[PDB]
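In: Fold the following and give me the result.
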Amino acid sequence: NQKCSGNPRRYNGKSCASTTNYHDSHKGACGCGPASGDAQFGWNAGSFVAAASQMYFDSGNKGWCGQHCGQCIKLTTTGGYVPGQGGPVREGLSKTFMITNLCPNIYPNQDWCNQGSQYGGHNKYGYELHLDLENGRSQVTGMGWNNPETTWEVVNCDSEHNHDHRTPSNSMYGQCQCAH
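Out: Residues are numbered from 1 along each chain as shown. Let me share the structure:
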């Protein structure tokens with residue numbers, strides 16, 4: 001059930017983000033792997049990392065080294081989820097994800113990553129931001145997070161890395177080609 005309401009979707013005065021658990025093993029759109037090739041670094045697969053919907057990744061529509069590459073986003077569960085596209089979770093759980101990739105506004109993401117603007121737009125379920133969360137090692141579903149509805153905020157990566165090492169540090173993002 002969606003607990004966020006309005007256009008775009010909000011919850012008690014906070015902007016909401018939808019999520020989808022996904023797996024992608026390619027280097028990705030922030031260059032977070034060795035320069036020559038299409039592989040990731042060793043840390044990406046087991047970290048709290050995300051692909052951001054296109055207009056948030058970069059409002060100028062870039063597919064490489066977007067504005068928000070390397071930014072950390074703290075997600076807090078509302079307790080809700082999109083019917084038939086997620087499941088129940090305790091309200092108030094929170095983890096921080098580093099943006100390392102793009103969720104492009106093209107098939108098969110046309111229902112989720114199709115916001116028309118960086119802020120104030122909506123996907124087909126009403127959310128102004130969407131994050132695909134890396135889950136190939138069950139880092140997200142292991143917490144009982146099945147595509148939770150969330151509220152979101154920007155935070156310092158280092159502060160959150162201290163509480164959970166799976167959130168990459170700023171030093172780690174410095175390895176990525178887009179940091180330079």
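In: Give the closest residue to residue 178 in space, chain neighbours not counted.
Out: residue 65 (3.9 Å; C-beta to C-beta, 6 or more residues apart in numbering). C-betas here are computed from N, CA, C, even on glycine.
In: Name the SS class of that neighbour, please.
Out: Secondary structure, DSSP: H, G, I helix; E, B strand; the rest coil: residue 65 is coil.
In: Which helix or strand contains residue 119?
Out: Assessed by DSSP states H and E, residue 119 sits outside every helix and strand.
In: which residue packs closest to it, ignoring adjacent ones?
Out: In this structure, residue 119 finds its nearest non-sequential neighbour in residue 128, 6.1 Å apart by C-beta to C-beta, 6+ apart.
In: which residues does the one you found contact?
Out: Counting by C-beta atoms under 8 Å, 6 or more residues apart in numbering, residue 128 touches 8-9, 15-17, 115, 119-122.
In: The residue lying closest to residue 124 once chain neighbours are set aside: neighbour count?
Out: By the measure of C-beta to C-beta, 6+ apart, the closest residue to residue 124 outside its immediate chain neighbours is residue 111, 4.4 Å from it. Residue 111 has 15 neighbours, counted by other C-beta atoms under 10 Å.
In: That'll do, ta.
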